[PDB]
Each structure stands twice: as C-alpha cells, then as structure tokens.
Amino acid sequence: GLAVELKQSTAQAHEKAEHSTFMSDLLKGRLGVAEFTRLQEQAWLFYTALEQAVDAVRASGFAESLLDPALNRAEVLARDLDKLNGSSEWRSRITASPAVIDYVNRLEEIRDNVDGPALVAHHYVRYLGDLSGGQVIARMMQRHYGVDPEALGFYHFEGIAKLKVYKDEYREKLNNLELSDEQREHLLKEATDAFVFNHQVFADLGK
C-alpha cells in the first residue's frame, strides 16, 4: 500500500536528513535555544508556503480528508516565535536561507499547479514526521535547553486527542487515495525531494 511504499522509498532520504549535523547537535544538547529559534524561523517560512499549497489542494477536492486543517502549524509557530524572540521583531528580521528559497519555491509551484499528488508527498514528510518524532524534539528542547512548553506549540497538535490512532487513520487515508501509476510515481519522487529539501535546510542552518 502507499503508506508502506512511502516509508520504504524514502527511508534512505529520512536517514540523511535525520542524522544531519545541525539536527544531531541540536538534539544532543550541543547547541542552544537561539539555534532552535533559528530553525523555527526557517520552518515558519516553509510551513507558511506548505499551508498555502495544502489550502489550494484541499479546495480542489483532492485528498480532502487527509488535509485536516487541524494540522496547520504556521499560526502556532508565529506564536512560539513571539515567545522565543520576546516580540514580533522577528517578522522583519528573518530571511529565507538558500535551502528555504528552493523549498518554498517548489511549494509555491505545487500550490499554483494545484498538484495534488506532489502536495500529499510534502504533507506526509512534514506532518507525519511532526506527529511521529515531534514529541522527542519538544522533549529535548525542554530537557536540554529549558525551553518553556508554551513556546513549543508547534509540537502539541492542539485539537488532536489520541495521537497513535490519528497516525493510523492518516496512513489508512494514504492507502485509500485514488492514484494513477503516473500519479503514484510522481508522489513518491516528490517525497524523496521533500526529504532532500529538509536536509539542505539543516545543512544551511549548520552553516
């Protein structure tokens, strides 16, 4: 089924991204809230784009049930960024790193083409990862750096009760999407690209 094909097809790419030096250093406690704050700022930029593409694709009637508005992160992230930075100065200060320009560009292309299969791929890579590994990242931020849980809204998924059931239903929804061979292939290739973008985001943060 598609959920299994996605996981396996992308496993290599998930591994490259997951074990990048910046994320590895961040999670081990080698870095700081400032570095975590920089990541969330870059994530705000790309979640903002992702969610415009989700909106376009949901509106077209494609994969509707999967593209649960409860997953939207951009607004909670801004709120986390207001707390982390102590004001909204960040909105005028932040600039997309080169990795984020490419990532955001691809998201805007998908938005504008209203490319359902491609958007699903990006949705899987960001949201199922947030739901899967996000409590680990949040827990490390509180543990290593004393980050206040109120500045970790991005990881809380307010509005979802049983998380493992949610993930299971999300995978069933993936397995239920109607897709041509052409569309399945395009989705799978796009999932690898999504991991490729995210790894470069961390590389650029590492620099």
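Rigid core here is just the name for the largest C-alpha set that superposes within 1.5 Å across the two forms. A residue's number is simply how far along the shown sequence it sits, counting from 1.
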Q: Could you say which moves further from this form in 7 other deposited structures of this protein, stretch 184 to 192 or stretch 6 to 14, by root mean square CA distance after aligning on the core?
A: 6 to 14
Q. Superpose by the rigid core: which stretch, 118 to 126 or 90 to 98, shows more Cα shift in 7 other deposited structures of this protein?
A. 90 to 98
Q) Where do the C-alpha atoms have the higher mean temperature factor in this entry, in 88 to 96 or in 75 to 83? A) 88 to 96
Q. Mean CA B-factor: is it higher for 64 to 72 or for 157 to 165?
A. 157 to 165
Q) From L187, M23, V196, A11, which pick has the Cα B-factor that tops the rest in the entry? A) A11
Q.
Out of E178, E35, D55, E41, whose C-alpha atom has the biggest B factor in the entry?
A. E178
(Q) Ranking the modelled residues of this chain by C-alpha B-factor as given in the entry, is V136 in the lowest, middle or highest third? (A) highest
